[PDB]
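Below you'll find the structure, written out as structure tokens, and then a few comments.
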Amino acid sequence: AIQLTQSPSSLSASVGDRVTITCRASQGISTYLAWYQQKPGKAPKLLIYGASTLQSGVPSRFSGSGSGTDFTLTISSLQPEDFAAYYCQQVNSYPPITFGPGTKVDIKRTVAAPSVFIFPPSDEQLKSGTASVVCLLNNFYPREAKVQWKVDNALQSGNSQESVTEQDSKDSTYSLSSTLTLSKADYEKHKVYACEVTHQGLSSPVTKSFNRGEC
Amino acid sequence: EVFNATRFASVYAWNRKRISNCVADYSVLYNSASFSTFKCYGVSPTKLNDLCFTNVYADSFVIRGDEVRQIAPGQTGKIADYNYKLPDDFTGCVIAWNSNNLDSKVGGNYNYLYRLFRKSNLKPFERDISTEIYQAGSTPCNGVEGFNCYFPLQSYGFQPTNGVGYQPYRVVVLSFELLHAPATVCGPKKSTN
Amino acid sequence: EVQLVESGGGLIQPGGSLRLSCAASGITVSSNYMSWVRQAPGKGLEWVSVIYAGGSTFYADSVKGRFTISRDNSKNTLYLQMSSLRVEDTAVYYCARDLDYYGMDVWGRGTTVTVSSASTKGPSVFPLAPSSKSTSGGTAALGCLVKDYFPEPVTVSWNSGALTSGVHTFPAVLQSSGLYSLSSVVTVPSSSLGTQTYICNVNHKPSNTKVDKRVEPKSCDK
Ligand SMILES: *[C@@H]1O[C@H](CO)[C@@H](O)[C@H](O)[C@H]1NC(C)=O
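Protein chains in written order, with this note's numbering: chain P, 1272 to 1486; chain A, 14 to 206; chain V, 4 to 225.
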């Protein structure tokens, strides 16, 4: 059986930057592997035939090579939508076709300060006895978003679920979210809610506040 | 000229050989340790030296060694389903050996082609050499290749650097026919002093 | 155009037996080779099987005594009947079409089946809304939660799928309650939020639920 590994497991590139991804084989295949493009929440897509035969409707910026065992891919000019993950697939033989580590290729445009938004719990949520301390760190890049939540400037970091989204090809920034899951009584006992966020778009760690008066 | 032929033919154009009015010495075949596989179904190769057949036939081609195990009655082979169909009640022998030295080039040997498309499996021992462009759907191809317009054949490339699971193998399959007619092949074992 | 129409599964305990299907809306099925896909979440995609124009079948190791695939040319439909399910079988499964043996052309959107101890439960929807005055962005952020629903995923549409370009959404997660929850946000001019109101359609297949919620301003002028 043939075993595969994809190098690297993450990458950092700018707009138009030369991105080269390589896979290696343990056994000698001639022309029977497939490079594929698969965005998250999106289907895979045909990229190449053999090793260097272009497909239909693909911009010439996409490129690839590799033979024997070492198997490469190339982007002549990186493009903002190219934020995705790349893997391999052999031809015929066994079904599995195992590959290497997962990879994240990051696009470099700018660095922007994160934007802080806060939502109050719903009336039903109050009647559900579970207030939603919803915060949205939107339009931030890099993904290095450090979030602290100190209720009445007193930290309670637990019992919250954080959902993070990939970078958007429109604005080249990631988005983050969080929501707290406790009882309501303290929330109305509480007065002002504060969120501390640290990111490279901030000269100093910025902190916001939110009084109970806003609904 | 069957086992020491310098070139063979492609699987889609498998040659069709007739053996009659001659003495077949299979001991030359199965005693030599120069063949990768040696499979005989419903017949004893060692006892073939003192049996007679109405007519004996041979087929020769070159495919991948991994595809060899596909050739068997009651089994379906991706090449076999469109290149060489075999009856379930077949009786005969199958011999194959590697040909990396003679059927592999550093730049590759693409001259050998193979059938790739058809809309039904062919009958046993039925060949198809038509070069008409295959149609992938409803729109007629009209003899121009492209999207949904695929040439019926493609090629194989082989290199010395290719591994054991990639090296080409030379395949010989023997079929024996026993009709309600006198036999034409005999054995020389009973010769004495 | 070229597209695949996929059957759709459901929540079944281990060992269940079900049959699925997938029709090819691009080309006549009898004139092409096709297959299905197994994708364990966050792991990868595995070859499973394929039918041949001569009717021949060919399975993977894990689907020999578990799965079976058939075809109706007249319906332009390729089927799949499963049996002897397992818990780990819960994973999004796609469909494969092969205009060529050596590659892939058109992916199906995929059909999901869940195999776990949790039962399907009706959701609970609690609306949210910020202040139109507080719309610090020309297009502001809204809130509408579909919580305590099982299982995922959720079809997305706000009014009729019209306002979708500016729409941004968060991925659903198996919450602490053992179930999933999610929320969606729509993009409209902040001046519109001063007076206007929009809906958020939901189409739950796994829970047979459709919840659409209005966005009423709290009358910030008062
Ligand atoms: C084929 O030729 C080689 C040498 O050219 C010889 O050793 C071998 O015996 C021949 N095959 C048979 C079946 O005699």
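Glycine included, each C-beta is placed from N, C-alpha and C at the ideal position.
Cβ-heavy atom distance between residue i and ligand 1 below 7 Å?
| i | result |
| --- | --- |
| A/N44 | no |
| A/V41 | yes |
| A/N114 | no |
| A/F164 | no |
| A/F16 | yes |
Judging by CA-CA distance, which residue of the options is the nearest neighbour of residue i?
| i | options | result |
| --- | --- | --- |
| P/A1322 | P/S1446, P/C1294, P/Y1458, P/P1351 | P/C1294 |
| V/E155 | V/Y183, V/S168, V/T200, V/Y36 | V/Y183 |
| A/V24 | A/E14, A/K91, A/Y163, A/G178 | A/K91 |
| V/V218 | V/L148, V/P44, V/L23, V/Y105 | V/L148 |
| V/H171 | V/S186, V/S163, V/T114 | V/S186 |
| A/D101 | A/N111, A/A71, A/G87 | A/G87 |
| P/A1296 | P/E1352, P/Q1360, P/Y1307 | P/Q1360 |
| V/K208 | V/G19, V/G181, V/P126, V/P44 | V/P126 |
| P/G1429 | P/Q1438, P/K1375, P/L1451 | P/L1451 |
| P/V1290 | P/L1397, P/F1354, P/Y1365 | P/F1354 |
| V/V90 | V/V157, V/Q6, V/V176, V/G19 | V/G19 |
| V/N204 | V/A165, V/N76, V/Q178, V/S194 | V/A165 |
| A/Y95 | A/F103, A/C106, A/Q83, A/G105 | A/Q83 |
| A/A149 | V/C25, V/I30, V/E4 | V/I30 |
Name, please, each residue of chain P whose Cβ falls closer than 9 Å to the Cβ of residue i.
| i | result |
| --- | --- |
| V/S20 | Per Cβ cutoff of 9 Å: no residues; V/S20 is ~23 Å from chain P at best. |
| A/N175 | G1299, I1300, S1301 |
Determine whether the Cβ of residue i lies closer than 8 Å to any Cβ atom of chain P.
| i | result |
| --- | --- |
| V/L23 | no |
| V/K221 | yes |
| V/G11 | no |
| V/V51 | yes |
| A/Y179 | yes |
| A/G78 | no |
| A/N206 | no |
| V/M37 | no |
Using a C-beta cutoff of 8 Å, does residue i count as contacting chain A?
| i | result |
| --- | --- |
| V/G140 | no |
| V/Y201 | no |
| V/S187 | no |
| P/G1339 | yes |
| V/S34 | yes |
| V/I30 | yes |
| V/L102 | yes |
| V/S210 | no |
| V/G197 | no |
| V/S73 | no |
So is residue i in contact with chain V if we call contact Cβ pairs under 8 Å?
| i | result |
| --- | --- |
| A/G121 | no |
| P/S1474 | no |
| A/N134 | yes |
| A/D94 | yes |
| P/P1351 | no |
| P/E1459 | no |
| residue 254 of chain A | The shown model of chain A, from 14 to 206, leaves out residue 254 of chain A, and the question about it has no answer. |
| A/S151 | yes |
| P/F1333 | no |
| A/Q83 | no |
| P/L1317 | yes |
Taking Cβ-Cβ distances shorter than 8 Å, what residues in chain P pair up with residue i?
| i | result |
| --- | --- |
| A/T89 | Per Cβ cutoff of 8 Å: no residues; A/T89 is ~14 Å from chain P at best. |
| A/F130 | Within chain P, no residue comes near A/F130; the closest Cβ sits about 15 Å away, beyond 8 Å. |
Report the neighbours of residue i on chain A: residues whose CB is nearer than 9 Å to its CB, in chain order.
| i | result |
| --- | --- |
| residue 1225 of chain P | With chain P represented from 1272 up to 1486, any question about residue 1225 of chain P goes unanswered, as that position is not in the structure. |
| P/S1386 | Here the premise fails: no neighbours, minimum Cβ distance about 46 Å. |
| V/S120 | What V/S120 touches in chain A: nothing, since even the nearest Cβ is about 41 Å away. |
Note down, in chain order, every chain V residue with its Cβ under 7 Å from the Cβ of residue i.
| i | result |
| --- | --- |
| P/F1390 | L131, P133, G146 |
Interface residues of chain P around residue i at Cβ under 7 Å?
| i | result |
| --- | --- |
| A/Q172 | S1301 |
| A/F160 | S1327 |
| A/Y127 | By Cβ distance, chain P contributes nothing, its closest Cβ being about 13 Å from A/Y127, past 7 Å. |
| V/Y96 | Those within 7 Å of V/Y96 in chain P number zero; the least Cβ separation is about 13 Å. |
Stretch pair the segment 1378-1398 of chain P + the segment 1324-1336 of chain P: three plus CB contacts closer than 8 Å:
no
If contact is defined by three or more beta carbon pairs under 8 Å, each pair taking one atom from either stretch, is the segment 1472-1484 of chain P in contact with the segment 20-39 of chain A?
no
Indicate whether the contact test is met: 3 or more Cβ pairs, each with one atom in the segment 1285-1299 of chain P and one in the segment 73-91 of chain V, closer than 8 Å.
no
Between the segment 157-170 of chain A and the segment 32-50 of chain A, can you find at least three pairs of beta-carbon atoms closer than 8 Å?
no
Does the count of Cβ pairs from the segment 1453-1473 of chain P and the segment 1416-1427 of chain P closer than 8 Å reach three?
yes
Indicate whether the contact test is met: 3 or more Cβ pairs, each with one atom in the segment 192-206 of chain A and one in the segment 49-59 of chain V, closer than 8 Å.
no
On the three-pair Cβ rule with 8 Å, is the segment 117-130 of chain A touching the segment 63-81 of chain V?
no
Mind the definition here: the segment 87-100 of chain V touches the segment 43-53 of chain V only if three or more C-beta pairs lie below 8 Å; say whether that holds.
yes
Touch test, the segment 1340-1353 of chain P against the segment 32-42 of chain V, Cβ-Cβ under 8 Å, three pairs minimum:
no
Does the segment 1304-1321 of chain P touch the segment 1395-1408 of chain P, meaning 3 or more C-beta pairs lie closer than 8 Å?
no
Closer than 8 Å is the cut-off here; do at least three beta carbon pairs connect the segment 1310-1329 of chain P with the segment 105-118 of chain V?
yes
Should the segment 1361-1374 of chain P be regarded as contacting the segment 1442-1461 of chain P, the criterion being three or more beta carbon pairs within less than 8 Å?
no
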